[PDB]
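Chemist: Structure provided below as structure tokens; questions to follow.
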Amino acid sequence: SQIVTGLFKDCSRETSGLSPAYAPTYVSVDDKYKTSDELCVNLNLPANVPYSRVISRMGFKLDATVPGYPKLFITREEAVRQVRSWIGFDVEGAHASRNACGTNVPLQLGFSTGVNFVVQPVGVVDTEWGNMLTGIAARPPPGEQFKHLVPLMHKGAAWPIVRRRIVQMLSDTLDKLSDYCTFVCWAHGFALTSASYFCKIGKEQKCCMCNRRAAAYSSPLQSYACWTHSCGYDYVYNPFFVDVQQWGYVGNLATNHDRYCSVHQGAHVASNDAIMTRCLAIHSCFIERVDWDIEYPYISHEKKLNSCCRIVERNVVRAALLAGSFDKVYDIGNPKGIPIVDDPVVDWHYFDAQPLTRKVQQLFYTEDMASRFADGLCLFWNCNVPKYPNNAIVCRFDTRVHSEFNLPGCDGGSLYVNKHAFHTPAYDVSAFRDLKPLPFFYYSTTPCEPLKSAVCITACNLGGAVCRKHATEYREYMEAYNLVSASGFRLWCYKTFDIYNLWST
Amino acid sequence: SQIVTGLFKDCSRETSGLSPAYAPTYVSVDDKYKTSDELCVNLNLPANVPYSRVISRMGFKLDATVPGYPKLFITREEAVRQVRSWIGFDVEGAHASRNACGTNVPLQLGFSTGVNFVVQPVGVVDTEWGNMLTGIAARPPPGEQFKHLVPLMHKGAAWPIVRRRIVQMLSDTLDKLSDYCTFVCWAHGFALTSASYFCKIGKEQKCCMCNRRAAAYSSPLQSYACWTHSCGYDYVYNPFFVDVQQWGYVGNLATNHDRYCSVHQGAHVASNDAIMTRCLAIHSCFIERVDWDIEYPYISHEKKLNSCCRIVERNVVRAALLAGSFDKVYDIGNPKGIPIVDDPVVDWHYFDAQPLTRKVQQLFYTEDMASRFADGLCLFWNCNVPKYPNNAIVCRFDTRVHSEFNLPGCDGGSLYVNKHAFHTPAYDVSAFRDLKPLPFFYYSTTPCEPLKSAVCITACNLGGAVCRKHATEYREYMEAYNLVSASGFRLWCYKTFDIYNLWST
Amino acid sequence: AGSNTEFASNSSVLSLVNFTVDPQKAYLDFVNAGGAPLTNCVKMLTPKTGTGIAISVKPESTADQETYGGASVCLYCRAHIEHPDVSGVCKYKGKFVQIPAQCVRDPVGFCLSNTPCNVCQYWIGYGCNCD
Amino acid sequence: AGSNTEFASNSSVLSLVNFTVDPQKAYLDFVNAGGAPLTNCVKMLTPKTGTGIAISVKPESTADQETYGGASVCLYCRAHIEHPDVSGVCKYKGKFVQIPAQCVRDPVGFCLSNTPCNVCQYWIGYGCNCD
RNA sequence: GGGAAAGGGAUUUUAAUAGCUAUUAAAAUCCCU
RNA sequence: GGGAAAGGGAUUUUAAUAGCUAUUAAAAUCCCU
Ligand SMILES: [Mg+2]
Ligand SMILES: [Mg+2]
Ligand SMILES: [Zn+2]
Ligand SMILES: [Zn+2]
Ligand SMILES: [Zn+2]
Ligand SMILES: [Zn+2]
Ligand SMILES: [Zn+2]
Ligand SMILES: [Zn+2]
Ligand SMILES: [Zn+2]
Ligand SMILES: [Zn+2]
Ligand SMILES: [Zn+2]
Ligand SMILES: [Zn+2]
């Protein structure tokens with residue numbers, strides 16, 4: 001074929017092409033040399049040396065397939081499984097000026113971590129002895145909306161420093177989350193061009209100091225290392241690339257993000273655009289369309305947290321069922337319809353937004369449906385509603401707590417990843433205005449076989465003593481409650497709840 | 001003789017002192033053991049073990065003098081000599097609660113680079129086998145103004161990570177400026193307590209990889225390195241400490257800073273307080289009271305920049321004097337009263353704010369004195385005035401350009417350090433509303449002995465040609481002008497300046 | 001602005017070489033796996049009466065060779081990346097490269113795999129005789 | 001809240017030890033330069049009838065020694081910093097230290113400079129006899 | 001930028017060359033800057 | 001913090017124990033949190 005592309009375009013102002021001995025391609029040769037049979041000839045003309053022509057990097061395509069080389073432009077399904085590696089990425093660039101016209105170079109890189117890196121205008125220059133990656137003339141884009149880019153032309157640093165700073169920032173962010181990096185971009189045409197400055201690709205490699213996958217490459221050492229061992233490393237090794245615009249969005253980034261989020265408003269900068277891009281990707285992959293079959297690997301005591309959550313749920317649901325004389329229980333948000341507790345004989349009912357069993361009715365809960373369930377105890381274990389009823393028992397993840405299985409999400413909410421990904425709305429204390437924070441306490445009925453605390457509702461505490469069995473149970477329940485609360489979960493209860501009603505046993 | 005101090009205070013809730021074999025001091029022993037002659041006795045009582053007592057770190061005093069150990073709490077003059085190492089420092093802390101009462105621990109560290117680090121509450125705990133630096137219970141300070149500290153209690157990271165992040169940030173900031181670090185604090189009582197977490201002191205050391213002074217210490221490697229070789233280092237080695245409040249200020253930080261600056265306004269955070277502290281220190285040391293005799297060492301191409309500035313000044317002043325046929329010249333801002341150019345015979349007058357010679361009159365310029373000098377040509381070479389006259393030739397440093405010899409300053413201005421420290425007000429284009437930006441050009445009169453340009457006002461360019469002598473003169477002047485402009489200087493001239501009047505020679 | 005230089009068919013491999021740590025190994029793996037070799041090379045019309053050395057300042061191909069522009073048969077000039085040679089200077093630019101006729105399919109692969117003899121300046125195993 | 005523990009005279013040396021990389025060298029240099037030794041040590045009233053070993057669970061001073069509380073004569077307990085010993089456990093805490101009367105001026109310097117013999121548990125050069 | 005020669009792509013339409021396509025040139029819409 | 005026992009210092013004044021000072025306890029002003 002003969003379809004030309006804008007990649008490696010000669011951006012110099014010279015009208016005549018190069019001599020055959022210097023031109024990189026056939027179509028870059030001057031027409032005075034070309035002859036029949038698509039051949040070139042040496043006319044013994046004087047050599048036009050020295051020269052300096054800027055070469056464009058616009059239009060990279062990482063779609064080749066080589067055995068042993070990973071696929072970097074991953075699809076939707078593969079990007080969902082790598083959600084812990086998601087780092088937003090935006091670039092603002094400057095147009096080449098003076099001796100060069102027809103290319104853009106990166107000026108301000110921004111990431112979802114909120115950092116911005118300003119760089120000097122650096123491009124590829126082809127000279128009579130080879131090529132360099134050196135400073136070129138560049139001006140900020142014209143128009144009103146890019147006036148804020150005018151000062152940034154004189155605030156940029158050298159590229160080798162910015163490379164190490166970017167690697168250090170990505171190491172600080174993604175070390176505990178994954179061995180991978182995934183740049184979530186809104187338009188990859190310029191993002192990939194900018195990534196050519198600070199990224200290297202190749203075969204899958206092992207870290208020199210440990211068994212983790214190598215995610216950074218050092219050029220002076222010619223070495224590979226993971227995030228923990230990437231001190232002083234220039235380049236990021238094998239990053240995945242994701243384009244949100246390929247996922248069926250129409251219009252610019254701002255109008256698509258403002259339809260689903262109101263928290264990321266602010267001044268225009270590359271990092272804020274990156275944050276909006278990542279927020280829109282999260283909304284696309286975990287709110288609009290939800291996949292329940294994708295399990296995520298355990299990285300830090302998820303099983304113990306699940307066991308502690310089940311223990312705390314059993315204790316507080318039993319206590320809420322026994323403190324008040326409730327004979328009818330509604331469970332709004334049970335996907336399977338399995339009763340949490342069965343020691344108090346009560347009439348259970350189950351509802352869910354997407355039930356997995358016909359025994360569970362469908363219920364997309366709205367605050368106007370409070371009167372439908374006003375005669376029983378409502379249960380909201382990890383079920384999020386903007387306005388809870390009066391008689392509820394609610395467990396909700398506080399999105400403001402920094403956790404390893406907690407990730408930033410959409411509209412101020414958070415993505416909680418524990419064997420599955422759940423999007424949780426932003427923790428607002430106004431939703432629980434009709435409820436009170438549930439105080440810490442323990443309740444048990446186990447037989448009896450020092451510890452002084454008034455919240456241990458047991459048979460021994462009625463007589464002012466404590467036994468070994470209840471002491472060990474109380475200590476392990478304190479450990480479970482501490483793990484659940486330090487993970488981020490908050491428990492709320494109906495106003496008329498009093499622990500002193502539990503002393504009847 | 002027996003003055004007690006709050007340092008190492010036992011912050012536990014135990015009402016009795018320790019056994020003589022476990023107590024660290026005499027006065028920490030329980031009174032049942034002490035005797036009349038200030039002796040202690042063993043009463044063979046059962047040991048109260050195990051135990052866990054929080055120990056306060058409030059009240060460090062680094063005023064001891066040991067040979068070979070540098071003085072860290074430097075004075076005013078030494079702080080001025082080390083202005084390139086100035087990093088602001090503020091700490092917001094949490095009060096110890098529950099098992100502890102009577103000490104504070106760092107919660108949010110903030111630096112003048114705009115960086116905040118949030119840490120988990122960690123304090124010293126004395127136990128029956130020794131002592132630990134481990135997590136303790138702590139609550140945010142009460143009152144309204146500290147409500148913003150309530151979320152930060154669950155957003156903090158571990159101290160060994162924050163140490164490396166702080167060292168990395170300081171290495172990124174202070175690498176090209178100095179081999180030293182100087183924490184500029186507003187109240188060092190808590191800043192030094194927080195610095196005990198991430199700083200180490202000792203004899204002055206040399207970097208393991210080069211000849212620079214060692215500014216960071218690594219504990220796992222047990223080694224010392226400078227800023228360029230401090231990758232993975234978790235401690236800052238030998239930092240100087242400066243207290244702004246000791247310099248005669250009365251009142252809190254906000255009221256003192258708001259009297260001299262209106263740019264650093266914003267929300268309350270540790271980094272903004274650090275920025276205000278550094279801004280107030282800069283105002284104290286370089287605006288109010290100024291020392292002209294303190295000379296700073298050269299870093300890079302400062303002598304070259306001075307030579308290029310002198311060349312550009314000579315050319316521009318000569319051309320501006322010859323164009324318009326001015327006969328009287330006023331030089332506002334000449335400390336010595338030495339004429340810049342003397343080829344055109346004009347009547348020179350000199351003025352300065354602090355003249356060094358009786359031949360120079362005092363002039364603290366104000367725009368109301370515009371008509372005082374309206375009958376000549378005014379000169380503002382590195383003389384900063386909020387409103388310039390209509391007949392001016394001005395050279396002013398643009399404070400928005402990043403440079404090695406450019407540091408952040410007061411009220412949006414900058415400190416320019418080139419053999420001397422000058423405080424320059426913030427670059428505002430509104431001061432130049434009566435002036436036009438001076439276009440680049442060259443002028444010469446040297447005798448003669450390809451290059452196409454319409455701004456090289458010479459004898460050859462009148463006839464459309466150019467000679468080798470004027471070619472190399474023009475090229476070296478282009479290099480000088482490029483260095484001057486890329487350093488940050490901007491040139492402005494009176495409106496009626498036309499380069500075409502210079503063709504008369 | 002500017003003028004186009006490369007075909008779209010070469011845009012894939014040249015992107016890969018622009019990102020790989022080892023461009024030569026990556027290009028050889030791409031070619032050996034069945035990928036298309038780099039097209040658009042500068043081919044010179046010669047009377048086939050030259051001496052036959054590898055690299056020369058003017059075309060010197062024999063009957064069993066073809067003359068190519070050096071910059072068009074150097075992978076680091078095609079992809080516009082830093083050369084690995086001594087002091088960063090390309091050995092091919094400004095000079096013409098002789099390629100044997102049996103390897104005319106992939107000039108870039110031949111110029112990456114082979115190396116001229118330092119004594120007689122012929123291709124080793126392809127014309128060099130130093131026994 | 002809390003109760004005070006240290007005198008102001010020891011605050012400078014204890015802060016210096018808290019900040020230094022090597023507390024032992026810093027304290028020895030501070031003492032040898034003429035600085036005041038650490039005061040406020042716990043001194044024990046004994047009938048001077050003990051065996052005389054270095055570290056013991058009960059006071060054992062002879063006529064030529066004085067018994068001190070161990071935690072009060074360990075520099076790392078006085079400064080509340082991490083101990084360098086095996087597994088971070090102090091060897092002086094919970095036990096009484098015998099100090100010779102000729103070195104009663106600076107117990108901390110004696111406990112830093114000298115170590116007990118592992119065979120007879122006496123101070124080497126100050127009561128140990130193993131020749 | 002302090003600095004004469006205002007950037008990249010996708011879709012549709014039009015004109016020209018050569019034997020419906022590739023390039024060149026222009027207009028409209030959208031995205032990036 | 002989700003978590004009963006609300007923090008550190010400087011100056012002045014007051015009262016007590018001991019042989020004017022050290023400690024203890026309180027009030028007022030200022031700084032840090
Ligand atoms: Mg953007
Ligand atoms: Mg503050
Ligand atoms: Zn590793
Ligand atoms: Zn958003
Ligand atoms: Zn019991
Ligand atoms: Zn070094
Ligand atoms: Zn300020
Ligand atoms: Zn001339
Ligand atoms: Zn080459
Ligand atoms: Zn040979
Ligand atoms: Zn100890
Ligand atoms: Zn012995």
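Every chain in the structure tokens has a letter given in the order shown (A, B, ...), and although residue numbers restart at 1 in each chain, ligands are simply numbered from 1 in the order shown.
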Find the residues of chain B in contact range of chain D, meaning any atom within 6 Å when counting only C-alpha atoms, and list them as a PyMOL selection string.
Modeler: chain B and resi 3-6+9-11+20-22+24-26+28+39-41+60-61+64+66+101-102+129-130+200-202
Chemist: Could you dump the residues just selected with N, CA and C atoms as a PDB file, in the first residue's frame?
Modeler:
ATOM      1  N   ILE B   3      15.409  22.349  89.112  1.00  0.00           N
ATOM      2  CA  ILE B   3      14.403  22.786  88.150  1.00  0.00           C
ATOM      3  C   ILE B   3      14.001  21.591  87.296  1.00  0.00           C
ATOM      4  N   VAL B   4      12.725  21.251  87.320  1.00  0.00           N
ATOM      5  CA  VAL B   4      12.215  20.134  86.536  1.00  0.00           C
ATOM      6  C   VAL B   4      11.790  20.645  85.170  1.00  0.00           C
ATOM      7  N   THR B   5      11.676  19.725  84.219  1.00  0.00           N
ATOM      8  CA  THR B   5      11.286  20.055  82.858  1.00  0.00           C
ATOM      9  C   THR B   5      10.224  19.072  82.392  1.00  0.00           C
ATOM     10  N   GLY B   6       9.423  19.505  81.420  1.00  0.00           N
ATOM     11  CA  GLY B   6       8.378  18.653  80.888  1.00  0.00           C
ATOM     12  C   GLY B   6       8.865  17.581  79.939  1.00  0.00           C
ATOM     13  N   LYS B   9       8.184  13.399  80.182  1.00  0.00           N
ATOM     14  CA  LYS B   9       7.149  13.284  81.199  1.00  0.00           C
ATOM     15  C   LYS B   9       6.392  11.974  81.043  1.00  0.00           C
ATOM     16  N   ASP B  10       6.139  11.306  82.166  1.00  0.00           N
ATOM     17  CA  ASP B  10       5.342  10.084  82.171  1.00  0.00           C
ATOM     18  C   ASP B  10       3.881  10.455  81.951  1.00  0.00           C
ATOM     19  N   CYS B  11       3.357  10.133  80.769  1.00  0.00           N
ATOM     20  CA  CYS B  11       2.014  10.522  80.369  1.00  0.00           C
ATOM     21  C   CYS B  11       0.984   9.426  80.602  1.00  0.00           C
ATOM     22  N   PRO B  20      12.377   0.749  91.805  1.00  0.00           N
ATOM     23  CA  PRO B  20      13.727   1.297  91.587  1.00  0.00           C
ATOM     24  C   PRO B  20      14.511   0.633  90.467  1.00  0.00           C
ATOM     25  N   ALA B  21      14.291  -0.655  90.208  1.00  0.00           N
ATOM     26  CA  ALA B  21      15.012  -1.332  89.140  1.00  0.00           C
ATOM     27  C   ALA B  21      14.486  -0.985  87.752  1.00  0.00           C
ATOM     28  N   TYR B  22      13.331  -0.325  87.659  1.00  0.00           N
ATOM     29  CA  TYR B  22      12.721  -0.009  86.375  1.00  0.00           C
ATOM     30  C   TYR B  22      12.595   1.480  86.095  1.00  0.00           C
ATOM     31  N   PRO B  24      13.410   5.270  85.288  1.00  0.00           N
ATOM     32  CA  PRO B  24      14.574   5.879  84.628  1.00  0.00           C
ATOM     33  C   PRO B  24      15.265   6.947  85.455  1.00  0.00           C
ATOM     34  N   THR B  25      14.556   7.645  86.339  1.00  0.00           N
ATOM     35  CA  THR B  25      15.172   8.689  87.146  1.00  0.00           C
ATOM     36  C   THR B  25      14.849   8.445  88.610  1.00  0.00           C
ATOM     37  N   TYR B  26      15.411   9.299  89.469  1.00  0.00           N
ATOM     38  CA  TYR B  26      15.137   9.192  90.898  1.00  0.00           C
ATOM     39  C   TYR B  26      13.738   9.688  91.236  1.00  0.00           C
ATOM     40  N   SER B  28      11.108   9.721  89.450  1.00  0.00           N
ATOM     41  CA  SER B  28      10.058   8.878  88.898  1.00  0.00           C
ATOM     42  C   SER B  28       9.802   7.639  89.742  1.00  0.00           C
ATOM     43  N   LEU B  39      18.221   8.277  99.096  1.00  0.00           N
ATOM     44  CA  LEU B  39      18.551   6.930  98.662  1.00  0.00           C
ATOM     45  C   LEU B  39      17.268   6.156  98.396  1.00  0.00           C
ATOM     46  N   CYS B  40      17.395   5.066  97.652  1.00  0.00           N
ATOM     47  CA  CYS B  40      16.286   4.164  97.384  1.00  0.00           C
ATOM     48  C   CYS B  40      16.577   2.797  97.986  1.00  0.00           C
ATOM     49  N   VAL B  41      15.511   2.086  98.339  1.00  0.00           N
ATOM     50  CA  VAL B  41      15.630   0.794  99.003  1.00  0.00           C
ATOM     51  C   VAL B  41      14.772  -0.218  98.255  1.00  0.00           C
ATOM     52  N   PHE B  60      12.582  19.552  73.648  1.00  0.00           N
ATOM     53  CA  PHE B  60      13.975  19.320  73.295  1.00  0.00           C
ATOM     54  C   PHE B  60      14.736  20.640  73.234  1.00  0.00           C
ATOM     55  N   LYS B  61      16.012  20.593  73.618  1.00  0.00           N
ATOM     56  CA  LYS B  61      16.879  21.772  73.593  1.00  0.00           C
ATOM     57  C   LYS B  61      18.217  21.367  72.983  1.00  0.00           C
ATOM     58  N   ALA B  64      23.626  22.149  73.381  1.00  0.00           N
ATOM     59  CA  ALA B  64      24.884  21.626  73.893  1.00  0.00           C
ATOM     60  C   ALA B  64      26.017  21.912  72.917  1.00  0.00           C
ATOM     61  N   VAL B  66      29.663  20.413  71.733  1.00  0.00           N
ATOM     62  CA  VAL B  66      30.640  19.328  71.719  1.00  0.00           C
ATOM     63  C   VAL B  66      31.626  19.611  70.592  1.00  0.00           C
ATOM     64  N   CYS B 101      -2.318  10.867  78.508  1.00  0.00           N
ATOM     65  CA  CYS B 101      -2.772  12.247  78.626  1.00  0.00           C
ATOM     66  C   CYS B 101      -1.599  13.113  79.052  1.00  0.00           C
ATOM     67  N   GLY B 102      -1.254  14.097  78.226  1.00  0.00           N
ATOM     68  CA  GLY B 102      -0.210  15.034  78.586  1.00  0.00           C
ATOM     69  C   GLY B 102       0.900  15.189  77.567  1.00  0.00           C
ATOM     70  N   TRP B 129      10.612  -4.282  79.184  1.00  0.00           N
ATOM     71  CA  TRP B 129      11.812  -4.766  78.520  1.00  0.00           C
ATOM     72  C   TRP B 129      12.591  -3.670  77.805  1.00  0.00           C
ATOM     73  N   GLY B 130      12.072  -2.445  77.764  1.00  0.00           N
ATOM     74  CA  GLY B 130      12.759  -1.377  77.063  1.00  0.00           C
ATOM     75  C   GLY B 130      11.831  -0.269  76.615  1.00  0.00           C
ATOM     76  N   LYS B 200      18.595  13.186  62.035  1.00  0.00           N
ATOM     77  CA  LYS B 200      19.734  12.694  62.792  1.00  0.00           C
ATOM     78  C   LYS B 200      20.842  13.734  62.732  1.00  0.00           C
ATOM     79  N   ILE B 201      21.622  13.827  63.809  1.00  0.00           N
ATOM     80  CA  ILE B 201      22.702  14.798  63.917  1.00  0.00           C
ATOM     81  C   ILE B 201      23.988  14.067  64.286  1.00  0.00           C
ATOM     82  N   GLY B 202      25.102  14.765  64.128  1.00  0.00           N
ATOM     83  CA  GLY B 202      26.399  14.202  64.439  1.00  0.00           C
ATOM     84  C   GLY B 202      27.501  15.065  63.857  1.00  0.00           C
TER      85      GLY B 202
END
Chemist: Please determine the contact residues of chain A with respect to chain F at a cut-off of 8 Å, counting only C-alpha atoms (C1' of nucleotides), and supply them as a list in words.
Modeler: residues 485, 486 and 490 of chain A
Chemist: Hey, list the chain E side of the contact with chain C: 12 Å cut-off, only C-alpha atoms (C1' of nucleotides), answer as a PyMOL selection string.
Modeler: chain E and resi 5-8+22-24
Chemist: Keeping only N, CA and C atoms (P, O5', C5', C4', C3', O3' and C1' of nucleotides), write those residues as a PDB file, in the first residue's frame.
Modeler:
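The resulting file, selection-v5.pdb, is reproduced below:
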ATOM      1  P     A E   5       5.195  34.003  14.171  1.00  0.00           P
ATOM      2  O5'   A E   5       5.308  33.484  12.668  1.00  0.00           O
ATOM      3  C5'   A E   5       4.350  33.855  11.688  1.00  0.00           C
ATOM      4  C4'   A E   5       4.617  33.193  10.357  1.00  0.00           C
ATOM      5  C3'   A E   5       4.643  31.676  10.348  1.00  0.00           C
ATOM      6  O3'   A E   5       3.345  31.111  10.360  1.00  0.00           O
ATOM      7  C1'   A E   5       6.416  32.529   9.019  1.00  0.00           C
ATOM      8  P     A E   6       3.097  29.671  11.026  1.00  0.00           P
ATOM      9  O5'   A E   6       1.602  29.313  10.615  1.00  0.00           O
ATOM     10  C5'   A E   6       0.498  29.929  11.266  1.00  0.00           C
ATOM     11  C4'   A E   6      -0.040  29.055  12.371  1.00  0.00           C
ATOM     12  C3'   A E   6      -1.556  28.881  12.385  1.00  0.00           C
ATOM     13  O3'   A E   6      -1.874  27.572  12.858  1.00  0.00           O
ATOM     14  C1'   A E   6      -0.851  29.875  14.413  1.00  0.00           C
ATOM     15  P     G E   7      -2.075  26.359  11.821  1.00  0.00           P
ATOM     16  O5'   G E   7      -1.480  25.100  12.591  1.00  0.00           O
ATOM     17  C5'   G E   7      -0.081  24.866  12.632  1.00  0.00           C
ATOM     18  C4'   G E   7       0.264  23.805  13.645  1.00  0.00           C
ATOM     19  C3'   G E   7      -0.377  22.445  13.421  1.00  0.00           C
ATOM     20  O3'   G E   7       0.308  21.653  12.470  1.00  0.00           O
ATOM     21  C1'   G E   7      -0.702  23.086  15.657  1.00  0.00           C
ATOM     22  P     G E   8      -0.517  20.662  11.513  1.00  0.00           P
ATOM     23  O5'   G E   8      -0.974  19.485  12.480  1.00  0.00           O
ATOM     24  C5'   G E   8      -0.027  18.570  13.009  1.00  0.00           C
ATOM     25  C4'   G E   8      -0.692  17.482  13.812  1.00  0.00           C
ATOM     26  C3'   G E   8      -1.765  16.681  13.095  1.00  0.00           C
ATOM     27  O3'   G E   8      -1.251  15.685  12.231  1.00  0.00           O
ATOM     28  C1'   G E   8      -2.561  17.310  15.215  1.00  0.00           C
ATOM     29  P     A E  22      -7.637   5.126  -1.188  1.00  0.00           P
ATOM     30  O5'   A E  22      -6.227   5.830  -1.425  1.00  0.00           O
ATOM     31  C5'   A E  22      -5.013   5.177  -1.077  1.00  0.00           C
ATOM     32  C4'   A E  22      -3.826   5.832  -1.736  1.00  0.00           C
ATOM     33  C3'   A E  22      -3.651   7.320  -1.464  1.00  0.00           C
ATOM     34  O3'   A E  22      -2.978   7.579  -0.244  1.00  0.00           O
ATOM     35  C1'   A E  22      -3.494   6.929  -3.785  1.00  0.00           C
ATOM     36  P     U E  23      -3.297   8.909   0.600  1.00  0.00           P
ATOM     37  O5'   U E  23      -2.588  10.076  -0.223  1.00  0.00           O
ATOM     38  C5'   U E  23      -1.177  10.113  -0.384  1.00  0.00           C
ATOM     39  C4'   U E  23      -0.776  11.100  -1.451  1.00  0.00           C
ATOM     40  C3'   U E  23      -1.202  12.541  -1.210  1.00  0.00           C
ATOM     41  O3'   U E  23      -0.297  13.238  -0.369  1.00  0.00           O
ATOM     42  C1'   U E  23      -1.756  11.908  -3.424  1.00  0.00           C
ATOM     43  P     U E  24      -0.812  14.429   0.578  1.00  0.00           P
ATOM     44  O5'   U E  24      -1.144  15.614  -0.432  1.00  0.00           O
ATOM     45  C5'   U E  24      -0.121  16.220  -1.211  1.00  0.00           C
ATOM     46  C4'   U E  24      -0.700  17.135  -2.260  1.00  0.00           C
ATOM     47  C3'   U E  24      -1.659  18.196  -1.752  1.00  0.00           C
ATOM     48  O3'   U E  24      -0.991  19.315  -1.198  1.00  0.00           O
ATOM     49  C1'   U E  24      -2.575  17.151  -3.668  1.00  0.00           C
TER      50        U E  24
END
Chemist: Assign secondary structure with DSSP using the backbone only, and return the residues of region 12-63 of chain D in helix (DSSP H, G or I) as a list in words.
Modeler: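 Matching residues for helix (DSSP H, G or I) in region 12-63 of chain D are residues 12, 13, 14, 15, 16, 17, 18, 19, 23, 24, 25, 26, 27, 28, 29, 30, 31 and 32 of chain D.
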Chemist: Counting only C-alpha atoms (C1' of nucleotides) and all ligand atoms, what are the residues, protein, DNA or RNA alike, that approach ligand 2 to within 12 Å? I want them as a VMD selection string.
Modeler: (chain B and resid 88 to 93 106 to 111 116 145 to 146 149 185 to 188 190 to 191 252 to 254 267 to 277) or (chain F and resid 31 to 33)
Chemist: Once you count only C-alpha atoms, which residues of chain A turn out to be within 6 Å of chain B? Could you give them as a count of residues only?
Modeler: 5
Chemist: Taking only C-alpha atoms (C1' of nucleotides) and all ligand atoms and a cut-off of 12 Å, can you tell me which residues surround ligand 3, written as a ChimeraX atom specification?
Modeler: /A:171,175,179,205-217,223-231
Chemist: So which residues are near ligand 4, meaning at most 10 Å away with only C-alpha atoms (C1' of nucleotides) and all ligand atoms counted, given back as a PyMOL selection string?
Modeler: chain A and resi 254+256-265+272-273+275-283+408-413
Chemist: Extract, using only C-alpha atoms (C1' of nucleotides), all DNA, RNA and protein residues at most 8 Å from residue 49 (chain C), discarding same-chain residues fewer than 5 positions from it, and format them as JSON, numbers by chain.
Modeler: {"C": [60, 61, 62, 63]}
Chemist: Using C-alpha atoms, can you write the selected residues to a file as a tab-separated table (two decimals), in the first residue's frame?
Modeler:
chain	number	residue	atom	x	y	z
C	60	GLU	CA	29.97	0.64	-5.48
C	61	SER	CA	27.67	-2.38	-6.01
C	62	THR	CA	28.84	-5.33	-8.08
C	63	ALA	CA	26.60	-7.55	-10.21
